[PDB]
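Visitor: Sharing work08.txt (compact mmCIF, N, CA and C atoms) below.
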# COMPACT_ATOMS: atom_id res chain seq x y z
N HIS G 148 102.35 119.38 -221.15
CA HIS G 148 101.41 118.54 -220.34
C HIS G 148 100.00 118.40 -220.96
N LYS G 149 99.00 118.71 -220.12
CA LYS G 149 97.58 118.36 -220.32
C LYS G 149 96.97 118.60 -221.71
N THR G 150 96.78 119.95 -222.03
CA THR G 150 95.88 119.88 -223.18
C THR G 150 96.58 119.99 -224.54
N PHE G 151 97.91 120.08 -224.56
CA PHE G 151 98.66 119.85 -225.81
C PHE G 151 98.22 118.47 -226.36
N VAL G 152 98.21 117.47 -225.49
CA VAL G 152 97.78 116.09 -225.83
C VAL G 152 96.29 115.96 -226.17
N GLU G 153 95.42 116.65 -225.43
CA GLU G 153 94.02 116.71 -225.83
C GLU G 153 93.85 117.32 -227.22
N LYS G 154 94.72 118.27 -227.57
CA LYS G 154 94.70 118.93 -228.88
C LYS G 154 95.25 118.01 -229.99
N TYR G 155 96.41 117.40 -229.74
CA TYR G 155 97.18 116.75 -230.81
C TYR G 155 97.36 115.23 -230.72
N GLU G 156 96.69 114.60 -229.75
CA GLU G 156 96.82 113.16 -229.56
C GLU G 156 96.79 112.33 -230.85
N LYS G 157 95.84 112.60 -231.76
CA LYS G 157 95.78 111.77 -232.98
C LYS G 157 96.95 112.01 -233.91
N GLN G 158 97.46 113.25 -233.94
CA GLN G 158 98.66 113.59 -234.73
C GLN G 158 99.94 112.94 -234.17
N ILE G 159 100.07 112.97 -232.86
CA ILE G 159 101.21 112.29 -232.16
C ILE G 159 101.16 110.79 -232.44
N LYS G 160 100.00 110.17 -232.24
CA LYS G 160 99.81 108.74 -232.60
C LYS G 160 100.21 108.43 -234.09
N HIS G 161 99.71 109.23 -235.03
CA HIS G 161 100.05 109.15 -236.46
C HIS G 161 101.58 109.19 -236.63
N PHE G 162 102.26 110.21 -236.09
CA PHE G 162 103.73 110.28 -236.17
C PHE G 162 104.36 108.99 -235.60
N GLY G 163 103.81 108.53 -234.48
CA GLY G 163 104.25 107.31 -233.80
C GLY G 163 104.18 106.06 -234.67
N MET G 164 103.39 106.14 -235.73
CA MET G 164 103.18 104.99 -236.62
C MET G 164 103.84 105.11 -238.01
N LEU G 165 104.70 106.11 -238.14
CA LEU G 165 105.50 106.27 -239.34
C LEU G 165 106.84 105.54 -239.16
N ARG G 166 107.60 105.40 -240.25
CA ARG G 166 108.91 104.71 -240.16
C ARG G 166 109.97 105.27 -241.10
N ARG G 167 109.65 105.43 -242.39
CA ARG G 167 110.65 105.90 -243.37
C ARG G 167 111.08 107.32 -243.03
N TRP G 168 112.38 107.61 -243.15
CA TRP G 168 112.91 108.95 -242.77
C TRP G 168 112.12 110.08 -243.43
N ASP G 169 111.88 109.97 -244.73
CA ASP G 169 111.19 111.04 -245.46
C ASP G 169 109.72 111.19 -245.01
N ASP G 170 109.05 110.07 -244.71
CA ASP G 170 107.70 110.12 -244.15
C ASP G 170 107.67 110.94 -242.81
N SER G 171 108.52 110.56 -241.86
CA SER G 171 108.66 111.32 -240.60
C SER G 171 109.03 112.81 -240.80
N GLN G 172 110.02 113.07 -241.67
CA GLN G 172 110.46 114.44 -241.88
C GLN G 172 109.31 115.29 -242.48
N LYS G 173 108.62 114.74 -243.48
CA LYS G 173 107.49 115.46 -244.10
C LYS G 173 106.41 115.74 -243.06
N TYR G 174 106.06 114.72 -242.27
CA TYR G 174 104.97 114.84 -241.30
C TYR G 174 105.29 115.93 -240.30
N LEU G 175 106.51 115.90 -239.78
CA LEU G 175 106.95 116.95 -238.86
C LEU G 175 107.01 118.32 -239.50
N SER G 176 107.55 118.42 -240.71
CA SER G 176 107.60 119.69 -241.48
C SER G 176 106.22 120.33 -241.61
N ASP G 177 105.21 119.48 -241.84
CA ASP G 177 103.77 119.83 -241.96
C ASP G 177 103.07 120.09 -240.63
N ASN G 178 103.67 119.62 -239.54
CA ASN G 178 103.10 119.69 -238.20
C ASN G 178 104.21 120.02 -237.20
N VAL G 179 104.89 121.15 -237.43
CA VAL G 179 106.09 121.50 -236.65
C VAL G 179 105.83 121.65 -235.14
N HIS G 180 104.60 121.98 -234.74
CA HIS G 180 104.21 122.10 -233.33
C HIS G 180 104.40 120.78 -232.54
N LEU G 181 104.34 119.65 -233.24
CA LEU G 181 104.64 118.35 -232.61
C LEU G 181 106.11 118.12 -232.22
N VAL G 182 107.03 118.96 -232.68
CA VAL G 182 108.44 118.76 -232.36
C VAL G 182 108.67 119.36 -230.95
N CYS G 183 108.37 118.58 -229.92
CA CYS G 183 108.49 119.08 -228.54
C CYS G 183 108.56 117.93 -227.54
N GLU G 184 108.99 118.25 -226.32
CA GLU G 184 109.07 117.23 -225.29
C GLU G 184 107.73 116.58 -224.99
N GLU G 185 106.64 117.36 -225.03
CA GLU G 185 105.32 116.80 -224.77
C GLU G 185 105.03 115.60 -225.67
N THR G 186 105.44 115.71 -226.93
CA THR G 186 105.22 114.62 -227.90
C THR G 186 106.06 113.39 -227.50
N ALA G 187 107.34 113.59 -227.22
CA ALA G 187 108.23 112.46 -226.85
C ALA G 187 107.73 111.79 -225.60
N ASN G 188 107.35 112.60 -224.60
CA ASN G 188 106.75 112.10 -223.36
C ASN G 188 105.50 111.24 -223.54
N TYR G 189 104.61 111.64 -224.45
CA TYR G 189 103.44 110.86 -224.74
C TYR G 189 103.80 109.51 -225.38
N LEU G 190 104.79 109.52 -226.28
CA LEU G 190 105.21 108.33 -227.03
C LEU G 190 105.83 107.33 -226.05
N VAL G 191 106.61 107.84 -225.09
CA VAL G 191 107.15 106.93 -224.06
C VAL G 191 106.04 106.18 -223.30
N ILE G 192 105.05 106.91 -222.79
CA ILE G 192 103.96 106.25 -222.06
C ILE G 192 103.24 105.24 -222.91
N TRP G 193 103.03 105.63 -224.16
CA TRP G 193 102.28 104.80 -225.11
C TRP G 193 103.03 103.48 -225.34
N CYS G 194 104.35 103.55 -225.46
CA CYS G 194 105.20 102.35 -225.59
C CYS G 194 104.98 101.37 -224.42
N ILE G 195 104.95 101.94 -223.23
CA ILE G 195 104.83 101.15 -222.00
C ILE G 195 103.41 100.54 -221.98
N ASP G 196 102.39 101.36 -222.28
CA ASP G 196 100.99 100.90 -222.45
C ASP G 196 100.93 99.70 -223.44
N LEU G 197 101.55 99.83 -224.62
CA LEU G 197 101.49 98.77 -225.63
C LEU G 197 102.19 97.49 -225.17
N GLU G 198 103.36 97.66 -224.54
CA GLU G 198 104.13 96.52 -224.05
C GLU G 198 103.34 95.76 -222.97
N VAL G 199 102.73 96.48 -222.06
CA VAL G 199 101.97 95.84 -220.95
C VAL G 199 100.80 95.01 -221.50
N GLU G 200 100.14 95.56 -222.51
CA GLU G 200 99.05 94.89 -223.22
C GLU G 200 99.51 93.82 -224.21
N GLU G 201 100.81 93.49 -224.22
CA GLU G 201 101.40 92.44 -225.06
C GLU G 201 101.35 92.78 -226.56
N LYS G 202 101.25 94.07 -226.88
CA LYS G 202 101.33 94.55 -228.26
C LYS G 202 102.75 94.95 -228.57
N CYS G 203 103.61 93.95 -228.47
CA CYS G 203 105.06 94.08 -228.48
C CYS G 203 105.53 94.51 -229.85
N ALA G 204 104.92 93.94 -230.90
CA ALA G 204 105.27 94.32 -232.28
C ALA G 204 104.97 95.80 -232.49
N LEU G 205 103.80 96.25 -232.06
CA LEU G 205 103.49 97.68 -232.24
C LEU G 205 104.36 98.54 -231.31
N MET G 206 104.63 98.07 -230.10
CA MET G 206 105.52 98.86 -229.23
C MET G 206 106.88 99.15 -229.95
N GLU G 207 107.42 98.16 -230.64
CA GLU G 207 108.72 98.32 -231.30
C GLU G 207 108.67 99.41 -232.38
N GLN G 208 107.53 99.46 -233.08
CA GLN G 208 107.27 100.46 -234.13
C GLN G 208 107.24 101.88 -233.55
N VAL G 209 106.46 102.02 -232.48
CA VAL G 209 106.31 103.30 -231.76
C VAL G 209 107.64 103.70 -231.08
N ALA G 210 108.34 102.71 -230.54
CA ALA G 210 109.63 103.00 -229.90
C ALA G 210 110.58 103.65 -230.88
N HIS G 211 110.61 103.18 -232.14
CA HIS G 211 111.50 103.78 -233.20
C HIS G 211 111.23 105.31 -233.27
N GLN G 212 109.96 105.67 -233.33
CA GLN G 212 109.55 107.08 -233.48
C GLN G 212 109.80 107.91 -232.23
N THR G 213 109.67 107.24 -231.08
CA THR G 213 110.00 107.82 -229.77
C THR G 213 111.46 108.27 -229.75
N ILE G 214 112.36 107.40 -230.22
CA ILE G 214 113.79 107.73 -230.23
C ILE G 214 114.15 108.77 -231.28
N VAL G 215 113.50 108.70 -232.45
CA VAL G 215 113.58 109.81 -233.41
C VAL G 215 113.32 111.15 -232.73
N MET G 216 112.18 111.29 -232.03
CA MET G 216 111.90 112.57 -231.40
C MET G 216 112.92 112.90 -230.30
N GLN G 217 113.34 111.90 -229.54
CA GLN G 217 114.32 112.19 -228.46
C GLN G 217 115.67 112.70 -229.02
N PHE G 218 116.12 112.04 -230.08
CA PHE G 218 117.30 112.46 -230.83
C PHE G 218 117.25 113.86 -231.39
N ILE G 219 116.11 114.21 -232.01
CA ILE G 219 115.82 115.57 -232.44
C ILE G 219 115.96 116.55 -231.26
N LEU G 220 115.33 116.23 -230.13
CA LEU G 220 115.30 117.18 -229.04
C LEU G 220 116.70 117.35 -228.43
N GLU G 221 117.41 116.23 -228.33
CA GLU G 221 118.82 116.20 -227.90
C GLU G 221 119.75 116.99 -228.85
N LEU G 222 119.58 116.79 -230.15
CA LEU G 222 120.35 117.54 -231.15
C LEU G 222 120.21 119.04 -230.96
N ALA G 223 118.97 119.49 -230.78
CA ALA G 223 118.63 120.89 -230.52
C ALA G 223 119.32 121.47 -229.28
N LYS G 224 119.21 120.77 -228.14
CA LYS G 224 119.99 121.08 -226.92
C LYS G 224 121.51 121.16 -227.18
N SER G 225 122.03 120.24 -228.01
CA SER G 225 123.43 120.24 -228.46
C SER G 225 123.91 121.53 -229.14
N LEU G 226 123.03 122.09 -229.97
CA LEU G 226 123.36 123.21 -230.83
C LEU G 226 122.80 124.48 -230.22
N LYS G 227 122.05 124.33 -229.13
CA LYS G 227 121.38 125.44 -228.43
C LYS G 227 120.29 126.14 -229.26
N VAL G 228 119.80 125.46 -230.29
CA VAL G 228 118.80 126.04 -231.20
C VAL G 228 117.42 125.44 -230.87
N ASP G 229 116.36 126.03 -231.42
CA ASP G 229 115.03 125.49 -231.21
C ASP G 229 114.88 124.20 -232.00
N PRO G 230 114.38 123.12 -231.37
CA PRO G 230 114.22 121.86 -232.16
C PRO G 230 113.26 122.00 -233.37
N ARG G 231 112.31 122.93 -233.30
CA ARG G 231 111.41 123.19 -234.44
C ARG G 231 112.15 123.77 -235.62
N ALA G 232 113.31 124.38 -235.35
CA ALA G 232 114.09 125.02 -236.42
C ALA G 232 115.16 124.10 -237.01
N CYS G 233 115.54 123.06 -236.26
CA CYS G 233 116.67 122.21 -236.66
C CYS G 233 116.39 120.71 -236.83
N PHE G 234 115.13 120.28 -236.69
CA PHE G 234 114.82 118.84 -236.70
C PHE G 234 115.19 118.13 -238.02
N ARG G 235 115.13 118.83 -239.16
CA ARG G 235 115.55 118.23 -240.45
C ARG G 235 117.02 117.70 -240.41
N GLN G 236 117.88 118.36 -239.64
CA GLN G 236 119.26 117.91 -239.58
C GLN G 236 119.44 116.56 -238.90
N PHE G 237 118.51 116.17 -238.01
CA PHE G 237 118.49 114.77 -237.56
C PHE G 237 118.46 113.79 -238.73
N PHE G 238 117.51 113.97 -239.65
CA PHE G 238 117.37 113.09 -240.81
C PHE G 238 118.59 113.16 -241.72
N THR G 239 119.09 114.37 -241.95
CA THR G 239 120.37 114.49 -242.69
C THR G 239 121.50 113.67 -242.05
N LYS G 240 121.69 113.87 -240.75
CA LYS G 240 122.74 113.16 -240.03
C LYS G 240 122.58 111.67 -240.04
N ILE G 241 121.35 111.17 -239.90
CA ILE G 241 121.15 109.75 -239.80
C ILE G 241 121.54 109.04 -241.12
N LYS G 242 121.43 109.78 -242.23
CA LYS G 242 121.61 109.23 -243.59
C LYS G 242 123.08 109.36 -244.04
N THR G 243 123.96 109.85 -243.16
CA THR G 243 125.39 110.06 -243.50
C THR G 243 126.15 108.77 -243.83
N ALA G 244 127.10 108.89 -244.79
CA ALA G 244 127.83 107.77 -245.34
C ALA G 244 128.54 107.02 -244.24
N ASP G 245 129.11 107.72 -243.27
CA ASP G 245 129.66 106.97 -242.18
C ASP G 245 128.47 106.73 -241.27
N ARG G 246 128.33 105.51 -240.85
CA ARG G 246 127.07 105.15 -240.21
C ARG G 246 127.11 105.37 -238.71
N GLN G 247 128.02 106.25 -238.26
CA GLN G 247 128.28 106.42 -236.80
C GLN G 247 127.05 106.93 -236.05
N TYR G 248 126.45 108.02 -236.54
CA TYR G 248 125.26 108.59 -235.89
C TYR G 248 124.14 107.55 -235.85
N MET G 249 123.90 106.89 -236.98
CA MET G 249 122.89 105.85 -237.06
C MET G 249 123.15 104.69 -236.10
N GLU G 250 124.42 104.31 -235.95
CA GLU G 250 124.80 103.26 -235.01
C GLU G 250 124.37 103.63 -233.59
N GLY G 251 124.63 104.87 -233.20
CA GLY G 251 124.27 105.37 -231.85
C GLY G 251 122.75 105.40 -231.68
N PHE G 252 122.02 105.69 -232.77
CA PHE G 252 120.56 105.72 -232.77
C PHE G 252 120.02 104.33 -232.52
N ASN G 253 120.56 103.36 -233.26
CA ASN G 253 120.18 101.97 -233.12
C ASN G 253 120.48 101.46 -231.72
N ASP G 254 121.61 101.88 -231.16
CA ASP G 254 122.00 101.44 -229.79
C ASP G 254 121.02 102.01 -228.72
N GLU G 255 120.72 103.29 -228.84
CA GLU G 255 119.76 103.95 -227.94
C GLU G 255 118.37 103.30 -228.11
N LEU G 256 117.94 103.00 -229.35
CA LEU G 256 116.65 102.34 -229.59
C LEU G 256 116.51 100.96 -228.93
N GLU G 257 117.51 100.10 -229.10
CA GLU G 257 117.54 98.80 -228.45
C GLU G 257 117.51 98.94 -226.90
N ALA G 258 118.30 99.89 -226.38
CA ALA G 258 118.38 100.15 -224.93
C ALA G 258 117.00 100.62 -224.40
N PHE G 259 116.43 101.57 -225.13
CA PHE G 259 115.11 102.06 -224.81
C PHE G 259 114.10 100.96 -224.74
N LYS G 260 114.00 100.13 -225.78
CA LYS G 260 113.07 99.00 -225.69
C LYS G 260 113.31 98.06 -224.49
N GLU G 261 114.57 97.83 -224.13
CA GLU G 261 114.84 97.04 -222.90
C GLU G 261 114.25 97.69 -221.64
N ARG G 262 114.42 99.01 -221.54
CA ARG G 262 113.86 99.76 -220.44
C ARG G 262 112.34 99.70 -220.49
N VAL G 263 111.75 99.84 -221.68
CA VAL G 263 110.29 99.71 -221.79
C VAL G 263 109.76 98.36 -221.27
N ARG G 264 110.43 97.28 -221.65
CA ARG G 264 110.03 95.92 -221.22
C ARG G 264 110.10 95.74 -219.71
N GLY G 265 111.15 96.26 -219.11
CA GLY G 265 111.27 96.37 -217.65
C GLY G 265 110.20 97.20 -216.96
N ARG G 266 109.91 98.39 -217.49
CA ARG G 266 108.83 99.29 -216.98
C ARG G 266 107.43 98.66 -217.05
N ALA G 267 107.19 97.94 -218.13
CA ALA G 267 105.94 97.20 -218.33
C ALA G 267 105.74 96.16 -217.23
N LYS G 268 106.76 95.36 -217.02
CA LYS G 268 106.73 94.30 -216.00
C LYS G 268 106.46 94.87 -214.61
N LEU G 269 107.06 96.02 -214.32
CA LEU G 269 106.87 96.71 -213.06
C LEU G 269 105.42 97.16 -212.84
N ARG G 270 104.71 97.52 -213.91
CA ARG G 270 103.31 97.95 -213.79
C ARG G 270 102.37 96.83 -213.30
N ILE G 271 102.72 95.58 -213.58
CA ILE G 271 101.92 94.41 -213.17
C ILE G 271 102.35 93.77 -211.84
N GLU G 272 103.59 94.03 -211.43
CA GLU G 272 103.96 93.85 -210.04
C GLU G 272 103.37 95.04 -209.28
N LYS G 273 103.32 95.95 -209.89
CA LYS G 273 102.80 97.14 -209.21
C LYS G 273 101.60 96.76 -208.36
N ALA G 274 100.86 95.78 -208.86
CA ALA G 274 99.78 95.15 -208.13
C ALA G 274 99.58 93.67 -208.53
N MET G 275 100.62 93.02 -209.08
CA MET G 275 100.55 91.58 -209.39
C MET G 275 100.18 90.82 -208.14
N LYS G 276 101.10 90.80 -207.17
CA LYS G 276 100.92 90.13 -205.89
C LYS G 276 99.81 90.80 -205.08
Output the file's structure in the form of structure tokens.

Guide:
Amino acid sequence: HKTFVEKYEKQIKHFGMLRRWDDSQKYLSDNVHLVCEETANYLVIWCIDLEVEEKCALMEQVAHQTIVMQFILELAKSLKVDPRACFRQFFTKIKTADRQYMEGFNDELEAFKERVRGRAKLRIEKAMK
């Protein structure tokens, strides 16, 4: 919650703006404390913030990184290990010759962005009328 974000907000934003697998993996390896639900939670809100402000292109960029972190955290729950100890295997898995894991990632990413677009619209009905 609260002051993890006061502490690391600029680092979370930076991660949110990466894209290449090796760039993300290096950044996390260098900043392992960011591999946590607090980070994924912040990225979700930020996506909704960007979408509402019509920064749709940037929302799509941040959404990619949001799903990266969610996948990492899910993988960890899968193996019952700490996500800080196993996050590199997300990148290994995504790069596998059979593109099955990557396909599921892409599907979750597209679905996530649809949900973000819906959530954004709700914020302006929230007090549109």

Visitor: Can you pull out every residue within 12 Å of stretch 171-176 of chain G, counting only C-alpha atoms, but drop anything in the same chain fewer than 4 positions away, and send it as a PyMOL selection string?

Guide: chain G and resi 158-167+180-183+186+211-213+215-216+219+230-239+241

Visitor: From the set G:272, G:185, G:170, G:221, which residue has the shortest atom-to-atom contact distance to residue G:156, counting only C-alpha atoms?

Guide: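 Using only C-alpha atoms, residue G:156 sits closest to G:185.
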
Visitor: Output as CSV one row per residue of stretch 216-266 of chain G within 12 Å of stretch 194-203 of chain G: the closest atom pair and its distance in Å to one decimal place, counting only C-alpha atoms, sorted by chain and residue number ascending.

Guide:
residue,atom,partner,partner_atom,distance
G:259,CA,G:194,CA,9.9
G:260,CA,G:194,CA,8.6
G:261,CA,G:198,CA,10.8
G:262,CA,G:195,CA,9.3
G:263,CA,G:195,CA,5.7
G:264,CA,G:198,CA,6.6
G:265,CA,G:195,CA,9.1
G:266,CA,G:195,CA,6.7

Visitor: Between G:240, G:152, G:249, G:257, single out the one closest to residue G:189, counting all atoms listed in the file.

Guide: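 The shortest atom-to-atom distance to residue G:189 comes from G:152.
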
Visitor: Just checking: using only C-alpha atoms, which residue out of G:275, G:179, G:225, G:210 ends up closest to residue G:193?

Guide: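 So, comparing all the options, the nearest one is G:210.
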
Visitor: Pull the helix (DSSP H, G or I) assignments for chain G out of DSSP run on the backbone, and list those residues as number ranges by chain.

Guide: G: 149-163, 168-177, 179-181, 184-199, 203-226, 230-233, 235-241, 247-272

Visitor: Could you check how far atom C of residue G:252 sits from atom C of residue G:218, in Å to one decimal?

Guide: 10.0 Å

Visitor: Just how far from atom C of residue G:243 is atom C of residue G:191, in Å to one decimal?

Guide: 28.9 Å

Visitor: Between atom N of residue G:268 and atom N of residue G:209, what is the spacing in Å?

Guide: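 Taking atom N of residue G:209 as the start and atom N of residue G:268 as the end point, the length is 16.8 Å.
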